[PDB]
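Remarks on the structure that follows.
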Number of protein chains: 12
Amino acid sequence: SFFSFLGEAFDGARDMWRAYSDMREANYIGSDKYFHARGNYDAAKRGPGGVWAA
Amino acid sequence: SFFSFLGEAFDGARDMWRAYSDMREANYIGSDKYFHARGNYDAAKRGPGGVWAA
Amino acid sequence: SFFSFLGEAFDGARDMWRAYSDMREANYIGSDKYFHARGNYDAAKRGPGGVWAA
Amino acid sequence: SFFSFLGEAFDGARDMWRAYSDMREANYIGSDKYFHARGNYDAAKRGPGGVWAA
Amino acid sequence: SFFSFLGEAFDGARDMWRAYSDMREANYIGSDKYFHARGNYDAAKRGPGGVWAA
Amino acid sequence: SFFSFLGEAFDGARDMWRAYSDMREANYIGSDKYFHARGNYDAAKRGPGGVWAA
Amino acid sequence: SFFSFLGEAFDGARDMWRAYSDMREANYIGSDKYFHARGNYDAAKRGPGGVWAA
Amino acid sequence: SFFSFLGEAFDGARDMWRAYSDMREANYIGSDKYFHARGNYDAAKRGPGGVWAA
Amino acid sequence: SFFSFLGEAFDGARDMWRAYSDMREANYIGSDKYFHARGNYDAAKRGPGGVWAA
Amino acid sequence: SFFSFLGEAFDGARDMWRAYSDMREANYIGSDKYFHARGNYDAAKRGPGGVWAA
Amino acid sequence: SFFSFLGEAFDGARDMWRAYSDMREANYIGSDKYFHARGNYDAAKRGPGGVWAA
Amino acid sequence: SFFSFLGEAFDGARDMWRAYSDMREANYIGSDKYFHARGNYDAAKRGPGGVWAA
């Protein structure tokens, strides 16, 4: 389960539940980057992202 | 489950549930990048993305 | 479970639950970066991200 | 379990539960960075992130 | 369990539970950085992060 | 267990539980930094982080 | 990569590479079994399986 | 990478590489079993498995 | 990396590399079993497994 | 890295490298078993496993 | 790193490296068993395991 | 690092390196067993294990 909200038989109010997270490059199992690396050049660009709510 | 909202028999109010996340490049199992790499050039560009709500 | 909210048979109020986190590059099992590395150049850029709520 | 809120049969009030954390690069098991490294250059940039709630 | 709140059969009040932490680069088991290192240059930049709630 | 709150059959009041901590780079088992190091340069920058609640 | 064999420019011999494993119910990320469970009965049967080479 | 064999420019001999493991129910991140459990009955049966090489 | 063998420019001999392990139920991060448990019955059966090489 | 063998530019001989281990239920971070437990019955059976090489 | 062998530019001989260990239930950080326990019954059985090499 | 062997530019001989250990239930940080316990019954059985090399 990732960010699953389960509500039952309730009386909700305003702004009641908030789950905010930044999980970039998290939760790796056996996942290698440049494991046997020689003479490499890494200049990859990644622009803005995520959630921008106003 | 990813971002599944389940509500039953309730009285909701304004702005009640929010689940915001940035999960870029997360949750890898056995997934390799440049595992046996020699003399490579990485300059891939990725522009803006995500959710922009105003 | 990651950020799962479970409520049952309650009377909620305003701003009641908040779960905020920054989990970037967390929770690694057996995940190597530059394990056997020689003469490499790492200048990857990553822009802004996460959750920006106003 | 990461940031899972479970409430049952209660009367909630305002701002009742808060769980805030900065878990960047935490919780590693057997995860190596630059284990056998020689003559490497690390200048990777990472911009702002996390949770910004106002 | 990380930051899991479990409440049952209660009468909550305002600002009742708070769990704040800074866990950056914590909880390592067998996780090496620059274990056999010679002539390396580490100038990686990491911007602001964490939880900023106002 | 890290920062897990368990309450049952109670009458809560305001500001009742607080658990604040700074656990940066804590709790290491067999985790080495620069174990066999010669002629290295460490100038990695890490910006502000943690929990900022106002 | 799972069980990928890559050989190049070699002189192989008999029984040269063997990779045997039992990975049943391994490598879970955020995957819950009976998370909020009450009064359940689990008697599922699973017969023999795996690799039987003679 | 899980059980990946990479050989290059070599002269192999008999029975040269062996990687045997029993990884059942290993490598869990945020994966809960019977997290909030009450009055459950678990009698699931699982037969023989794995690798049987003769 | 889990059980990854990397050889390059060598002269191998018989029975040269062996990596044997029993990793059952190892390497857990934030993974709970029977966290808030009351009156449960656990009698799950698991048969033989692993690697049996003759 | 778990049980990763890296050899380069060598002359191997017989039975040269051996890495044997029993890592059952090892390496836990924040992983709870029966944390808040009352009146439970644990009689789960697990058969033989591991590596059996003859 | 767990049981990682790194050799470079050498002349190996017979039975040269051995790393044997029994690490069952080792290396725990914040991992609780029966933390708040009352009236529980623990009779879980675990059969033989580990490495058996002949 | 756990049981990591690093050799470079050498002339090895027979039976050269041995690292044998019994690390069962070692290396605990903040890890409690039966912390607040009342009227419990512990009769869990664990069979043979470890490394058996002949």
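Per-structure values
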item	result
K:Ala43 under 20 Å from J:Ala44 (Cβ atoms), surrounded by 22 or more Cβ atoms within 10 Å (Cβ to Cβ) and either in contact with a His (Cβ under 8 Å, 6 or more places away or on another chain) or hydrophobic (A, V, I, L, M, F, W, C) (or both)	no
Test: B:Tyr41 is in contact with a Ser or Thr (Cβ under 9 Å, 6 or more places away or on another chain) and of a type outside the set (A, V, I, L, M, F, W, C)	no
Every residue from segment H:4-28 that is surrounded by fewer than 24 Cβ atoms within 10 Å (Cβ to Cβ), in contact with a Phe, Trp or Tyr (Cβ under 8 Å, 6 or more places away or on another chain) and aliphatic (A, V, I, L, M)	H:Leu6, H:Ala9
Criterion: at the interface with chain K (Cβ under 7 Å from one of its Cβ atoms), under 22 Å from the mean Cα position of the chain (by Cα) and among the aliphatic types (A, V, I, L, M) - qualifying residue of J:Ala9, J:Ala13, J:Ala19, J:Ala37	J:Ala19
Yes/no for L:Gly50 being on the phi > 0 side of the Ramachandran plot, facing another protein chain (nearest Cβ under 7 Å) and surrounded by fewer than 16 Cβ atoms within 10 Å (Cβ to Cβ)	no
Among the residues listed as I:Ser31, I:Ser1, the single one being within 30 Å of G:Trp52 (Cα to Cα), in contact with a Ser or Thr (Cβ under 9 Å, 6 or more places away or on another chain) and either touching a residue at least 12 places away in the same chain (Cβ under 8 Å) or buried (at least 24 other Cβ atoms within 10 Å of the Cβ) (or both)	I:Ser1
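Please note: Cβ atoms are built from the backbone with ideal geometry, for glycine as well, and neighbour counts cover all protein chains shown. Read the figures in this text as sums done on the coordinates, not as results from a lab.
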